[PDB]
Amino acid sequence: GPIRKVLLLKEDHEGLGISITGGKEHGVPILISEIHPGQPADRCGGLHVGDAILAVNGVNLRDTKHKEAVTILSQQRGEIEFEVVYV
Amino acid sequence: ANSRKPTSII
């Protein structure tokens, strides 16, 4: 499918509301496995189970190991832009 | 043994 740029607004006091799997050491993209009801990803729309996360805030996540991706994703604040695709 | 795929919450 088409690569989408998706905006998520997160308050500083909360997480993103996503579960992810995958990463470089698994030979697959960072993938969204859950979108948690009533949390930012759910409320903001545009992000879906099965989407690969290609980048966040311009930071390339295509060749990133799982743990390092968790760090990068969890470190973002405020108005957070995701680059995602469903294949 | 085979394992479930590592999953993280963020």
Side-chain angles (χ1 to χ4, degrees):
Chain A
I3 298 177
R4 300 112 61 195
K5 298 283 195 62
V6 174
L7 184 66
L8 180 159
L9 308 187
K10 184 184 82 59
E11 304 290 355
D12 288 345
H13 54 252
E14 68 197 341
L16 295 158
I18 305 168
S19 302
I20 56 166
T21 64
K24 184 188 173 68
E25 79 265 39
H26 297 291
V28 296
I30 297 300
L31 291 176
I32 299 183
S33 68
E34 296 193 27
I35 297 288
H36 309 162
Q39 301 303 327
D42 182 37
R43 301 176 185 273
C44 290
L47 297 181
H48 309 287
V49 172
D51 283 342
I53 303 175
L54 305 179
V56 63
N57 283 338
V59 182
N60 191 7
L61 291 179
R62 293 163 179 84
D63 198 40
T64 304
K65 284 185 254 183
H66 188 89
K67 186 262 186 163
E68 284 83 350
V70 170
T71 298
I72 293 167
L73 288 155
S74 71
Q75 281 176 348
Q76 309 303 308
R77 273 180 171 163
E79 303 180 330
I80 301 165
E81 191 172 61
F82 289 81
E83 200 169 334
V84 299
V85 70
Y86 189 90
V87 181
Chain B
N2 61 298
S3 42
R4 268 329 212 176
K5 261 194 109 166
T7 302
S8 300
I9 58 174
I10 58 182

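Chain identifiers are assigned alphabetically (A, B, ...) following the order of the sequence lines, protein sequences preceding nucleic acid strands; residue numbering begins at 1 within each chain.
Between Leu16(A) and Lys10(A) there is a side-chain heavy-atom pair separated by less than 4.5 Å.
Considering CG of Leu31(A) and OH of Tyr86(A), their distance stands at 10.0 Å, rounded to 0.5 Å. Rounding to the nearest 0.5 Å gives a distance of 9.0 Å between CG of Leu61(A) and CZ of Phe82(A). Separation of atoms NE2 (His26(A)) and OG1 (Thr21(A)) is listed at 8.0 Å; rounding is to 0.5 Å. In this structure, CD1 in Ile32(A) is found 4.5 Å from CG in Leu47(A), a value given to the nearest 0.5 Å. Atom CG of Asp51(A) is separated from atom CD1 of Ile20(A) by 13.0 Å, given to the nearest 0.5 angstrom.
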Using residues 2-10 of chain B as the side-chain source, report each donor-acceptor pair under 3.5 Å to any protein atom, sequence neighbours left out, with the distance given to one decimal.
{"from": "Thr7(B)", "atom 1": "OG1", "to": "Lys5(B)", "atom 2": "O", "distance (Å)": "3.2"}
{"from": "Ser8(B)", "atom 1": "OG", "to": "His66(A)", "atom 2": "NE2", "distance (Å)": "2.6"}

Please tabulate, for side-chain N and O atoms in residues 67-74 of chain A, each donor-acceptor pair with protein atoms closer than 3.5 Å (sequence neighbours left out).
{"from": "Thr71(A)", "atom 1": "OG1", "to": "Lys67(A)", "atom 2": "O", "distance (Å)": "3.3"}
{"from": "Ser74(A)", "atom 1": "OG", "to": "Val70(A)", "atom 2": "O", "distance (Å)": "2.9"}
{"from": "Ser74(A)", "atom 1": "OG", "to": "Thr71(A)", "atom 2": "O", "distance (Å)": "3.1"}

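The number of heavy-atom neighbours closer than 6.0 Å to CD of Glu81(A), taken from other residues, nucleotides and ligands shown, is above 12. More than 12 heavy atoms of other residues, nucleotides or ligands sit less than 6.0 Å from atom CZ of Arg62(A).
Hydrophobic clustering (side-chain heavy atoms under 4.5 Å, transitive across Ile, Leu, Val, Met, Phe, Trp, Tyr) keeps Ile30(A) apart from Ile3(A). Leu54(A) and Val87(A) fall within a single hydrophobic cluster, where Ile, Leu, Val, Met, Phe, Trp and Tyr are joined by side-chain heavy atoms under 4.5 Å apart, directly or via other members. Transitive grouping of hydrophobic side chains (ILVMFWY, heavy atoms separated by less than 4.5 Å) brings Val56(A) and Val49(A) into a common cluster.
Remark: the backbone N or O of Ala55(A) is not paired with any side-chain donor or acceptor of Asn60(A) at under 3.5 angstrom.
With sequence neighbours excluded, the residues satisfying salt bridge (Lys or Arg N to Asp or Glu O under 4.0 Å) with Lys24(A) are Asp63(A).
When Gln76(A), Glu79(A), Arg77(A), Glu83(A) are each tested for a side-chain hydrogen bond (donor to acceptor under 3.5 Å, both in side chains) with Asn57(A), only one passes: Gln76(A).
Between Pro40(A) and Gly15(A), the shortest heavy-atom distance links the atoms CG-O, 3.3 Å.
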